[PDB]
Amino acid sequence: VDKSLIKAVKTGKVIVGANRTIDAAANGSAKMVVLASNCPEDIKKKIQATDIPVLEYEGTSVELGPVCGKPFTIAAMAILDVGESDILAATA
Amino acid sequence: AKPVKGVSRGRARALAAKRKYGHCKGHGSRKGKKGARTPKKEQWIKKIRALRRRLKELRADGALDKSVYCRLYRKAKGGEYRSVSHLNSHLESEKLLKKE
Amino acid sequence: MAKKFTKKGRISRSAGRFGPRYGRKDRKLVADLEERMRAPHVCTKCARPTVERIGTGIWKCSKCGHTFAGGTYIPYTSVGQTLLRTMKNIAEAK
Amino acid sequence: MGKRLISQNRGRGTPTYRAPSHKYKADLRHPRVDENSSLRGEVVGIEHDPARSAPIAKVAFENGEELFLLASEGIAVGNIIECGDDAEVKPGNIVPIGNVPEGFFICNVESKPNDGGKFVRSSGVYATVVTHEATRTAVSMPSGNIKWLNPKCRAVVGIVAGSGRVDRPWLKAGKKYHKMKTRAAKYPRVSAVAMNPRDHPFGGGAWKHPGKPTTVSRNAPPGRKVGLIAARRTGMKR
RNA sequence: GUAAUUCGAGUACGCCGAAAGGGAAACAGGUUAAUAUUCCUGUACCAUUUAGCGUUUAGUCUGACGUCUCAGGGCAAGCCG
RNA sequence: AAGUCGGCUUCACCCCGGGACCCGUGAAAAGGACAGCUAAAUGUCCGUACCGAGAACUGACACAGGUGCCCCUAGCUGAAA
RNA sequence: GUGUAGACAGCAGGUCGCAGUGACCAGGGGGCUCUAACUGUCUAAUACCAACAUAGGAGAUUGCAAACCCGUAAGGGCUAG
């Protein structure tokens, strides 16, 4: 998993940031959304109800970035193309 | 009503003209501290604003891409350059301008 | 990145505002407390070092606006962390 | 009548010794709760308390009442404080001390049930729950004494915020002067040996010294109970 | 309460307490021997009340705030042709 | 009698924003705004002169003291009142 | 030369006087001791000190219907602790 999570971004389409993740969930192009332990649910329960799967990450948005190669923090990380990976299978 | 007898200012206008030219303003005429005659925050503000405007105009006209602009802006904020002339001299010496 | 830490300048720290007054011992105590309080403190809500003291015992996160009550000069105290870890151990046990 | 002492002036209650009550925010006490009841509120702000030099929490309760509460360590704006016999034993909740497990840290402890909270209220330090019994519960005070209280006595779970306030030395007369401006206490204070004999039992003399032992009997009347009052012992510990 | 009061702390209800705190609104000119945002000329503005024409958003904001330091803009005064 | 123009600067005044400190965390209430437009009437009472100080106050005085001060002060020199 | 500017800084040459911050304004300095750490307070009208205060250090009482204190009482200060 330690390498599958990296390869999901190394050889896969993802969009980082809550705004773009919510847009991807709204328009359906995202296979799923990965959310950190600190992300609220006031807007997120709607995308939970929607057919877009919601994966929960084991750590905060601060440390979700370094494991996905981003120097910044990531809260919502909707994926577009799984690519050379089965992160969707890992989620559900 | 008798005419107001003012205070004539011609012999101060002549001195002001000389002072504008840069005379009558030597060390034997200075009496306030260097800092009371030229505040250091004002000096820094004018210097940094000139450098920042120069960098902005360069990035606008396309001689300076964002990667080197960031470093040059931080250099200017760190005081590496005396003035716009110094900044331009460094740019032309190290070929930072995207000449075409 | 920091000041000109001269060959002799690394003792007074923020207590250099006091000059030769008040004694080395109290100057050192105040300087150490200032250093500890001005150190970065991680927000328990967003997990990033943006917690600053807004008043005597009030601490606020500049990012998420999370404001809370902590120590006078430190956002988190050893007694409070001990209480938190005791209750966390109980919660894990049950 | 050698003049009355500072303590007698304070008992008289002149303006020099009165608290600046207009400067204070609230009379911090637990919300009034009927027998076998509860109430929930939310923390909307953390303010500075000039009467304590410690944070206080402004709380809006369900019943439409806005109240100032003694803030515990880690209490944050938006937190839901519960007060009741069934409240979760969690930092910030107001629960009877009979439901607090032994070894837990409490503060703002009522001397009697429904009293409002008397003990453990200054910035930083706490009381510990030690033993539980059917009608009595024991707590170790910040003093070190053991206090047996009714288990129905309420207390907020946690310690008082602002720990370490006295860790920073005053460093300066005016630093402490600004704190004394908000309190009833007279600042600064003249030593008794510096006074004249009409002003204190220790005053007077060609050289500064009390002239009499500084340990005074517990039976001494007002105007005489000065120095070491009913001291068990004196000196630095041997 | 006090032997009692014109005496006494507290509580409850009231009431006062700022010509430098808050604050609804007016300016320029002239006029006299002495008053002038007060009198006169010109041009305004505010408050209630009455009558008609219409109506809540309702409980929020403002009034409403410390010390030090600094940027930007303006301007009375000042200066130059 | 002219009465028309430009430029510079701008405190110690007005607006706006930033930062730092806590060790005094720096008032309250009336009033105002959020739904008002038009037309008539009403807006009572008190103060208002003059000094405000090396002669109008106070110190027995036309007293070299003291008394609120100004969020009052022009040109040159000069950091500058 | 710096700066948008106000201005500021610097250079070269000539030149007069006994004297160029020419008036005005404007520290004399150092060494060795006592004493109090320091800023501060004080005998209004003979004492501005080494005296008082100060931060720091230590001790004592008291778990609050407390310690301490005011009142004859009613009831109060400390304590919106």
# chains A, B, ... in the order shown; residues from 1 in each chain; ligands from 1
>>> residues_around(residues="segment 54-57 of chain B", least_positions_apart="3", cutoff="9 Å", atoms="only C-alpha atoms (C1' of nucleotides)", output="PyMOL selection string")
chain B and resi 49-51+60-64+69+72-73+84+87-88
>>> residues_around(residues="residue 92 of chain A", least_positions_apart="6", cutoff="12 Å", atoms="only C-alpha atoms (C1' of nucleotides)", output="PyMOL selection string")
chain A and resi 31-34+52-56+86
>>> write_last_selection(atoms="N, CA, C and O atoms", output="compact mmCIF listing (two decimals), in the first residue's frame")
# COMPACT_ATOMS: atom_id res chain seq x y z
N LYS A 31 -13.61 9.23 -10.09
CA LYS A 31 -13.99 7.88 -9.66
C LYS A 31 -14.31 7.84 -8.17
O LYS A 31 -15.16 7.07 -7.74
N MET A 32 -13.62 8.67 -7.38
CA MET A 32 -13.85 8.72 -5.94
C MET A 32 -13.15 9.96 -5.40
O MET A 32 -12.39 10.63 -6.11
N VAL A 33 -13.41 10.25 -4.13
CA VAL A 33 -12.77 11.36 -3.43
C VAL A 33 -12.12 10.83 -2.17
O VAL A 33 -12.74 10.09 -1.40
N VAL A 34 -10.86 11.20 -1.95
CA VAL A 34 -10.11 10.83 -0.76
C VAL A 34 -10.06 12.04 0.17
O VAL A 34 -9.60 13.11 -0.23
N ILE A 52 -20.51 8.85 -5.67
CA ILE A 52 -19.07 9.06 -5.62
C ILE A 52 -18.56 8.47 -4.31
O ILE A 52 -18.97 8.93 -3.23
N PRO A 53 -17.71 7.45 -4.34
CA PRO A 53 -17.19 6.89 -3.09
C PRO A 53 -16.33 7.90 -2.36
O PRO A 53 -15.66 8.75 -2.96
N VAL A 54 -16.35 7.80 -1.03
CA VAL A 54 -15.57 8.67 -0.16
C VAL A 54 -14.63 7.79 0.65
O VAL A 54 -15.08 7.02 1.51
N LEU A 55 -13.33 7.91 0.39
CA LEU A 55 -12.32 7.20 1.14
C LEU A 55 -11.84 8.09 2.28
O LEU A 55 -11.71 9.31 2.11
N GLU A 56 -11.58 7.49 3.43
CA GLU A 56 -11.07 8.22 4.58
C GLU A 56 -9.58 7.91 4.74
O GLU A 56 -9.19 6.74 4.78
N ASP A 86 -5.08 0.41 -8.79
CA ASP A 86 -6.46 0.05 -8.45
C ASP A 86 -6.85 0.67 -7.12
O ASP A 86 -7.36 0.01 -6.21
>>> atom_distance(atom1="atom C1' of residue 53 of chain E", atom2="atom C1' of residue 33 of chain F")
23.3 Å
>>> residues_around(residues="segment 45-50 of chain G", least_positions_apart="3", cutoff="8 Å", atoms="only C-alpha atoms (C1' of nucleotides)", output="list in words")
residues 35, 36 and 42 of chain G
>>> write_last_selection(atoms="C-alpha atoms (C1' of nucleotides)", output="PDB file, in the first residue's frame")
ATOM      1  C1'   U G  35      27.135  53.229  49.953  1.00  0.00           C
ATOM      2  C1'   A G  36      22.019  51.762  47.593  1.00  0.00           C
ATOM      3  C1'   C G  42       9.738  61.956  50.769  1.00  0.00           C
TER       4        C G  42
END
>>> atom_distance(atom1="atom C1' of residue 2 of chain E", atom2="atom CA of residue 5 of chain D")
28.1 Å
>>> residues_around(residues="segment 64-77 of chain G", least_positions_apart="5", cutoff="9 Å", atoms="only C-alpha atoms (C1' of nucleotides)", output="VMD selection string")
(chain D and resid 7 to 14 17 to 18 111 118 to 119 222 to 223 225) or (chain E and resid 1 to 2 8 to 10)
>>> closest_atom_pairs(of="segment 15-61 of chain F", to="segment 34-44 of chain E", cutoff="12 Å", atoms="only C-alpha atoms (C1' of nucleotides)", output="tab-separated table")
residue	atom	partner	partner_atom	distance
F:48	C1'	E:38	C1'	8.6
F:49	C1'	E:35	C1'	7.7
F:50	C1'	E:34	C1'	10.0
>>> interface_residues(of="chain F", to="chain C", cutoff="12 Å", atoms="only C-alpha atoms (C1' of nucleotides)", output="list in words")
residues 20, 21, 22, 23 and 25 of chain F
>>> write_last_selection(atoms="N, CA, C and O atoms (P, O5', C5', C4', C3', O3' and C1' of nucleotides)", output="PDB file, in the first residue's frame")
ATOM      1  P     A F  20       1.514  40.950  14.776  1.00  0.00           P
ATOM      2  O5'   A F  20       2.307  41.604  15.992  1.00  0.00           O
ATOM      3  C5'   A F  20       3.715  41.776  15.931  1.00  0.00           C
ATOM      4  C4'   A F  20       4.213  42.736  16.983  1.00  0.00           C
ATOM      5  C3'   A F  20       3.725  42.477  18.399  1.00  0.00           C
ATOM      6  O3'   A F  20       4.444  41.440  19.043  1.00  0.00           O
ATOM      7  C1'   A F  20       3.522  44.772  17.908  1.00  0.00           C
ATOM      8  P     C F  21       3.728  40.553  20.173  1.00  0.00           P
ATOM      9  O5'   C F  21       3.552  41.558  21.394  1.00  0.00           O
ATOM     10  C5'   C F  21       4.676  42.164  22.018  1.00  0.00           C
ATOM     11  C4'   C F  21       4.241  43.086  23.127  1.00  0.00           C
ATOM     12  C3'   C F  21       3.315  42.455  24.148  1.00  0.00           C
ATOM     13  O3'   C F  21       4.052  41.693  25.086  1.00  0.00           O
ATOM     14  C1'   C F  21       2.505  44.599  23.534  1.00  0.00           C
ATOM     15  P     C F  22       3.523  40.272  25.606  1.00  0.00           P
ATOM     16  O5'   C F  22       2.406  40.681  26.656  1.00  0.00           O
ATOM     17  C5'   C F  22       2.714  41.627  27.671  1.00  0.00           C
ATOM     18  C4'   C F  22       1.489  42.058  28.428  1.00  0.00           C
ATOM     19  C3'   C F  22       0.582  40.921  28.897  1.00  0.00           C
ATOM     20  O3'   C F  22       0.598  40.803  30.313  1.00  0.00           O
ATOM     21  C1'   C F  22      -0.665  42.756  27.929  1.00  0.00           C
ATOM     22  P     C F  23       1.531  39.702  31.007  1.00  0.00           P
ATOM     23  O5'   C F  23       2.139  40.485  32.250  1.00  0.00           O
ATOM     24  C5'   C F  23       1.320  40.777  33.378  1.00  0.00           C
ATOM     25  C4'   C F  23       0.861  42.219  33.450  1.00  0.00           C
ATOM     26  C3'   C F  23      -0.413  42.572  32.668  1.00  0.00           C
ATOM     27  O3'   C F  23      -1.391  43.120  33.548  1.00  0.00           O
ATOM     28  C1'   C F  23       1.288  44.210  32.314  1.00  0.00           C
ATOM     29  P     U F  25      -7.358  44.654  32.656  1.00  0.00           P
ATOM     30  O5'   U F  25      -7.144  44.824  31.091  1.00  0.00           O
ATOM     31  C5'   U F  25      -7.663  45.966  30.427  1.00  0.00           C
ATOM     32  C4'   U F  25      -8.327  45.596  29.124  1.00  0.00           C
ATOM     33  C3'   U F  25      -9.498  44.622  29.223  1.00  0.00           C
ATOM     34  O3'   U F  25     -10.455  44.948  28.221  1.00  0.00           O
ATOM     35  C1'   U F  25      -7.846  43.731  27.799  1.00  0.00           C
TER      36        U F  25
END
>>> residues_around(residues="segment 12-23 of chain E", least_positions_apart="5", cutoff="9 Å", atoms="only C-alpha atoms (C1' of nucleotides)", output="PDB file with N, CA, C and O atoms (P, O5', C5', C4', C3', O3' and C1' of nucleotides), in the first residue's frame")
ATOM      1  P     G E  63     -19.554  52.539  16.385  1.00  0.00           P
ATOM      2  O5'   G E  63     -20.413  53.430  17.386  1.00  0.00           O
ATOM      3  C5'   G E  63     -20.866  54.725  17.016  1.00  0.00           C
ATOM      4  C4'   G E  63     -21.771  55.304  18.074  1.00  0.00           C
ATOM      5  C3'   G E  63     -21.217  55.273  19.486  1.00  0.00           C
ATOM      6  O3'   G E  63     -20.317  56.336  19.731  1.00  0.00           O
ATOM      7  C1'   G E  63     -23.434  54.468  19.497  1.00  0.00           C
TER       8        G E  63
ATOM      9  P     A F  29     -25.410  48.989  28.314  1.00  0.00           P
ATOM     10  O5'   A F  29     -26.506  50.138  28.223  1.00  0.00           O
ATOM     11  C5'   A F  29     -27.351  50.422  29.326  1.00  0.00           C
ATOM     12  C4'   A F  29     -27.792  51.861  29.313  1.00  0.00           C
ATOM     13  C3'   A F  29     -28.485  52.339  28.048  1.00  0.00           C
ATOM     14  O3'   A F  29     -29.847  51.967  27.953  1.00  0.00           O
ATOM     15  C1'   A F  29     -26.847  53.898  28.648  1.00  0.00           C
ATOM     16  P     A F  30     -30.573  51.919  26.518  1.00  0.00           P
ATOM     17  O5'   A F  30     -30.806  53.447  26.130  1.00  0.00           O
ATOM     18  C5'   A F  30     -31.727  54.251  26.848  1.00  0.00           C
ATOM     19  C4'   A F  30     -31.498  55.721  26.594  1.00  0.00           C
ATOM     20  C3'   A F  30     -31.812  56.223  25.192  1.00  0.00           C
ATOM     21  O3'   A F  30     -33.192  56.429  24.953  1.00  0.00           O
ATOM     22  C1'   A F  30     -29.721  57.057  25.842  1.00  0.00           C
ATOM     23  P     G F  31     -33.869  55.851  23.615  1.00  0.00           P
ATOM     24  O5'   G F  31     -33.142  56.632  22.429  1.00  0.00           O
ATOM     25  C5'   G F  31     -33.122  58.053  22.389  1.00  0.00           C
ATOM     26  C4'   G F  31     -32.083  58.579  21.426  1.00  0.00           C
ATOM     27  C3'   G F  31     -32.143  58.022  20.012  1.00  0.00           C
ATOM     28  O3'   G F  31     -33.129  58.639  19.203  1.00  0.00           O
ATOM     29  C1'   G F  31     -29.928  57.914  20.783  1.00  0.00           C
TER      30        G F  31
END
>>> residues_around(residues="segment 124-140 of chain D", least_positions_apart="3", cutoff="6 Å", atoms="only C-alpha atoms (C1' of nucleotides)", output="list in words")
residues 102, 103, 104, 105, 106, 107, 120, 144, 145, 146, 147, 148, 149, 150, 151, 159, 160, 161, 162 and 163 of chain D
>>> write_last_selection(atoms="N, CA, C and O atoms", output="PDB file, in the first residue's frame")
ATOM      1  N   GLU D 102     -11.454   8.014  40.175  1.00  0.00           N
ATOM      2  CA  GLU D 102     -10.340   8.382  41.034  1.00  0.00           C
ATOM      3  C   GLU D 102      -9.098   8.666  40.198  1.00  0.00           C
ATOM      4  O   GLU D 102      -8.806   7.957  39.231  1.00  0.00           O
ATOM      5  N   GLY D 103      -8.365   9.712  40.571  1.00  0.00           N
ATOM      6  CA  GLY D 103      -7.215  10.128  39.799  1.00  0.00           C
ATOM      7  C   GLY D 103      -7.501  11.161  38.732  1.00  0.00           C
ATOM      8  O   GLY D 103      -6.564  11.604  38.055  1.00  0.00           O
ATOM      9  N   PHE D 104      -8.758  11.554  38.557  1.00  0.00           N
ATOM     10  CA  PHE D 104      -9.118  12.560  37.571  1.00  0.00           C
ATOM     11  C   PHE D 104      -8.905  13.967  38.118  1.00  0.00           C
ATOM     12  O   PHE D 104      -8.988  14.212  39.327  1.00  0.00           O
ATOM     13  N   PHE D 105      -8.621  14.897  37.208  1.00  0.00           N
ATOM     14  CA  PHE D 105      -8.362  16.287  37.555  1.00  0.00           C
ATOM     15  C   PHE D 105      -9.632  17.109  37.381  1.00  0.00           C
ATOM     16  O   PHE D 105     -10.250  17.091  36.311  1.00  0.00           O
ATOM     17  N   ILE D 106     -10.013  17.827  38.433  1.00  0.00           N
ATOM     18  CA  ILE D 106     -11.195  18.673  38.438  1.00  0.00           C
ATOM     19  C   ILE D 106     -10.783  20.085  38.842  1.00  0.00           C
ATOM     20  O   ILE D 106      -9.664  20.330  39.296  1.00  0.00           O
ATOM     21  N   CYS D 107     -11.708  21.021  38.654  1.00  0.00           N
ATOM     22  CA  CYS D 107     -11.503  22.398  39.079  1.00  0.00           C
ATOM     23  C   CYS D 107     -12.865  23.067  39.178  1.00  0.00           C
ATOM     24  O   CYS D 107     -13.870  22.547  38.690  1.00  0.00           O
ATOM     25  N   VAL D 120     -10.414  25.742  43.582  1.00  0.00           N
ATOM     26  CA  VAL D 120      -9.648  25.412  42.386  1.00  0.00           C
ATOM     27  C   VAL D 120     -10.132  26.280  41.234  1.00  0.00           C
ATOM     28  O   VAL D 120     -10.758  25.785  40.291  1.00  0.00           O
ATOM     29  N   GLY D 144      -2.610  20.550  49.038  1.00  0.00           N
ATOM     30  CA  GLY D 144      -2.127  19.299  49.585  1.00  0.00           C
ATOM     31  C   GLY D 144      -3.040  18.682  50.618  1.00  0.00           C
ATOM     32  O   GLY D 144      -2.850  17.509  50.966  1.00  0.00           O
ATOM     33  N   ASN D 145      -4.020  19.425  51.121  1.00  0.00           N
ATOM     34  CA  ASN D 145      -4.974  18.859  52.058  1.00  0.00           C
ATOM     35  C   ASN D 145      -5.932  17.914  51.339  1.00  0.00           C
ATOM     36  O   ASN D 145      -6.104  17.962  50.118  1.00  0.00           O
ATOM     37  N   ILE D 146      -6.547  17.029  52.116  1.00  0.00           N
ATOM     38  CA  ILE D 146      -7.626  16.179  51.632  1.00  0.00           C
ATOM     39  C   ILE D 146      -8.947  16.779  52.086  1.00  0.00           C
ATOM     40  O   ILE D 146      -9.157  17.005  53.285  1.00  0.00           O
ATOM     41  N   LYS D 147      -9.839  17.029  51.136  1.00  0.00           N
ATOM     42  CA  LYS D 147     -11.143  17.616  51.406  1.00  0.00           C
ATOM     43  C   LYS D 147     -12.201  16.567  51.105  1.00  0.00           C
ATOM     44  O   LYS D 147     -12.242  16.023  49.994  1.00  0.00           O
ATOM     45  N   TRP D 148     -13.027  16.261  52.102  1.00  0.00           N
ATOM     46  CA  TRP D 148     -14.168  15.370  51.928  1.00  0.00           C
ATOM     47  C   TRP D 148     -15.396  16.197  51.567  1.00  0.00           C
ATOM     48  O   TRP D 148     -15.877  16.996  52.377  1.00  0.00           O
ATOM     49  N   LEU D 149     -15.907  15.999  50.358  1.00  0.00           N
ATOM     50  CA  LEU D 149     -17.050  16.736  49.852  1.00  0.00           C
ATOM     51  C   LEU D 149     -18.182  15.765  49.548  1.00  0.00           C
ATOM     52  O   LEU D 149     -17.969  14.561  49.379  1.00  0.00           O
ATOM     53  N   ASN D 150     -19.391  16.306  49.488  1.00  0.00           N
ATOM     54  CA  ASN D 150     -20.524  15.524  49.027  1.00  0.00           C
ATOM     55  C   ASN D 150     -20.286  15.059  47.592  1.00  0.00           C
ATOM     56  O   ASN D 150     -19.837  15.845  46.749  1.00  0.00           O
ATOM     57  N   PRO D 151     -20.561  13.789  47.283  1.00  0.00           N
ATOM     58  CA  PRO D 151     -20.427  13.326  45.893  1.00  0.00           C
ATOM     59  C   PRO D 151     -21.361  14.032  44.929  1.00  0.00           C
ATOM     60  O   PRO D 151     -21.107  14.011  43.719  1.00  0.00           O
ATOM     61  N   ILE D 159      -8.371  21.019  34.268  1.00  0.00           N
ATOM     62  CA  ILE D 159      -7.652  21.999  35.064  1.00  0.00           C
ATOM     63  C   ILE D 159      -8.040  23.395  34.587  1.00  0.00           C
ATOM     64  O   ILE D 159      -8.610  23.575  33.511  1.00  0.00           O
ATOM     65  N   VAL D 160      -7.714  24.392  35.399  1.00  0.00           N
ATOM     66  CA  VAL D 160      -7.970  25.780  35.034  1.00  0.00           C
ATOM     67  C   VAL D 160      -6.926  26.234  34.025  1.00  0.00           C
ATOM     68  O   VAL D 160      -5.738  25.917  34.149  1.00  0.00           O
ATOM     69  N   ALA D 161      -7.365  26.979  33.016  1.00  0.00           N
ATOM     70  CA  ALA D 161      -6.448  27.468  32.001  1.00  0.00           C
ATOM     71  C   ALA D 161      -5.572  28.587  32.556  1.00  0.00           C
ATOM     72  O   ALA D 161      -5.891  29.223  33.564  1.00  0.00           O
ATOM     73  N   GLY D 162      -4.446  28.815  31.887  1.00  0.00           N
ATOM     74  CA  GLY D 162      -3.488  29.806  32.334  1.00  0.00           C
ATOM     75  C   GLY D 162      -2.370  29.301  33.214  1.00  0.00           C
ATOM     76  O   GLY D 162      -1.807  30.091  33.979  1.00  0.00           O
ATOM     77  N   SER D 163      -2.039  28.015  33.145  1.00  0.00           N
ATOM     78  CA  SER D 163      -1.001  27.464  34.007  1.00  0.00           C
ATOM     79  C   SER D 163       0.344  28.113  33.709  1.00  0.00           C
ATOM     80  O   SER D 163       0.674  28.398  32.555  1.00  0.00           O
TER      81      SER D 163
END
>>> residues_around(residues="segment 34-44 of chain C", least_positions_apart="3", cutoff="12 Å", atoms="only C-alpha atoms (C1' of nucleotides)", output="JSON, numbers by chain")
{"A": [37, 38, 60, 62], "C": [12, 13, 14, 15, 16, 27, 28, 29, 30, 31, 47, 48, 49, 50, 51, 52, 53, 54, 55, 56, 57, 59, 60, 61, 62, 63, 64, 65, 66, 67, 68, 70, 71, 72, 73, 74, 75, 76, 77], "D": [74, 75, 76, 164, 167, 168, 169]}
>>> atom_distance(atom1="atom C1' of residue 61 of chain G", atom2="atom CA of residue 217 of chain D")
11.3 Å
